[PDB]
J.: 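Before I ask anything, here is the structure I am working with.
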Amino acid sequence: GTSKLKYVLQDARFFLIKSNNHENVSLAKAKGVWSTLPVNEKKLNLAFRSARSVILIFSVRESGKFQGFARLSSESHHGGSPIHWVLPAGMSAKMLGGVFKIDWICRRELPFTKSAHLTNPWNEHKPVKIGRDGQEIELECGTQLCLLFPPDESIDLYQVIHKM
DNA sequence: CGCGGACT
């Protein structure tokens, strides 16, 4: 809904998530979780401590479109049940390391053509589509970007009402 | 010997 979608985005930190394949993104939302690299794992634990909400905006590499956005719900931990990610060349399973469990808010895609007017002040005012994995998006640019996705009636806002 | 590495 439009009433409380802005409530979960208030005082939040946004992070662009890149994936060299769409399979792991499909595995991401099918499992409702995600895992990233140690350098980005460090900063995402930093953001979870200081933000009312940490939004991960997913964009498959070389896809020309976003695949939705989700909310970080917990820090990363090791030793859990294994996830069979499609490892990019030169990436081991230990690189994934900690396990991030997220809550998806919108699963509908968004082409880059619809977000060309949005520039990220924290990436030299470049269009928000441009950026590596873990690139933080400024509050306003991230909030306006989340609003341009089509409404996902399959997801309700009552679940993540007060998970904080 | 497996040793790398998720922008547009």
Side-chain angles (χ1 to χ4, degrees), chain A residues 9 12-22 24-30 32-51 53-60 63-64 66-80 82-93 95-100 102-106 110-113 115-131 133-139 141-150 152:
Chain A
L9 297 178
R13 301 185 68 171
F14 304 86
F15 291 93
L16 178 66
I17 297 300
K18 303 298 300 187
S19 176
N20 284 10
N21 60 78
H22 195 292
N24 296 344
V25 175
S26 296
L27 301 180
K29 71 100 188 174
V33 304
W34 182 259
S35 187
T36 188
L37 297 180
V39 173
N40 285 339
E41 178 185 9
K42 291 180 180 180
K43 69 151 57 182
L44 284 183
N45 283 333
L46 301 178
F48 184 83
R49 296 183 60 175
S50 57
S53 179
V54 183
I55 282 81
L56 299 182
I57 306 176
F58 292 79
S59 171
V60 174
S63 67
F66 310 89
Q67 281 76 22
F69 54 91
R71 179 254 165 87
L72 272 181
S73 58
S74 180
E75 301 188 19
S76 65
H77 206 213
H78 298 78
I83 303 295
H84 291 101
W85 304 97
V86 178
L87 300 179
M91 188 165 301
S92 65
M95 300 190 183
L96 306 163
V99 178
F100 302 96
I102 61 188
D103 309 290
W104 280 84
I105 307 180
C106 176
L110 177 68
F112 286 173
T113 51
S115 66
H117 63 285
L118 300 177
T119 57
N120 189 6
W122 295 348
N123 193 21
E124 301 179 0
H125 306 275
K126 292 176 181 178
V128 69
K129 66 170 186 179
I130 302 181
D133 177 56
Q135 170 71 51
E136 178 160 27
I137 305 175
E138 183 267 324
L139 171 65
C141 181
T143 299
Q144 306 301 329
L145 177 59
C146 294
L147 296 175
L148 283 183
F149 283 79
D152 195 339

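Convention: sequence-line order gives letters A, B, ...; per-chain numbering from 1.
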J.: Between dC7(B) atom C1' and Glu136(A) atom CD, what is the distance in whole Å?
T.: 17 Å
J.: With respect to the side chain of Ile130(A), which nucleotide from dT8(B), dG5(B), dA6(B) is positioned closest?
T.: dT8(B)
J.: What is the distance, rounded to the nearest whole Å, between atom CD1 of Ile17(A) and atom P of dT8(B)?
T.: 13 Å
J.: Has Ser35(A) got a side-chain atom pairing as donor or acceptor with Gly98(A)'s backbone, closer than 3.5 angstrom?
T.: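 A pair under 3.5 Å: yes.
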J.: Can you tell if the side chain of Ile83(A) reaches within under 4.5 Å of the side chain of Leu96(A), non-hydrogen atoms only?
T.: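 No; the side chains remain at least 4.5 Å from each other.
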J.: What is the distance from NZ of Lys126(A) to P of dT8(B), rounded to the nearest Å?
T.: 12 Å
J.: Taking CG from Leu37(A) and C1' from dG4(B), how many angstroms apart are they, rounded to a whole number?
T.: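 Taking atom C1' of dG4(B) as the reference, CG of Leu37(A) is at 11 Å.
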J.: Check whether any side-chain N or O of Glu41(A) sits under 3.5 Å from a backbone N or O of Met95(A) as a donor-acceptor pair, and report yes or no.
T.: no
J.: Suppose we screen for side-chain contact (heavy atoms from CB on, under 4.5 Å). Which residues come up paired with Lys42(A), at least two apart in sequence or across chains?
T.: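 Per chain and number, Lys42(A) pairs via side-chain contact (heavy atoms from CB on, under 4.5 Å) with no residue.
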J.: Nearest whole angstrom, please: distance from the P of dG5(B) to the CG of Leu96(A).
T.: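 Atom CG in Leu96(A) sits about 15 Å away from atom P in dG5(B).
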J.: To the nearest angstrom, how far is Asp133(A) atom CG from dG4(B) atom P?
T.: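 Rounded to the whole Å, the gap is 21 Å.
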J.: Measure CG/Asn123(A) against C1'/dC7(B) and give the value in whole Å, please.
T.: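 In whole Å, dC7(B) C1' and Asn123(A) CG are 9 Å from each other.
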J.: In whole angstrom, give the distance that lies between atom CD of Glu124(A) and atom P of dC7(B).
T.: 16 Å
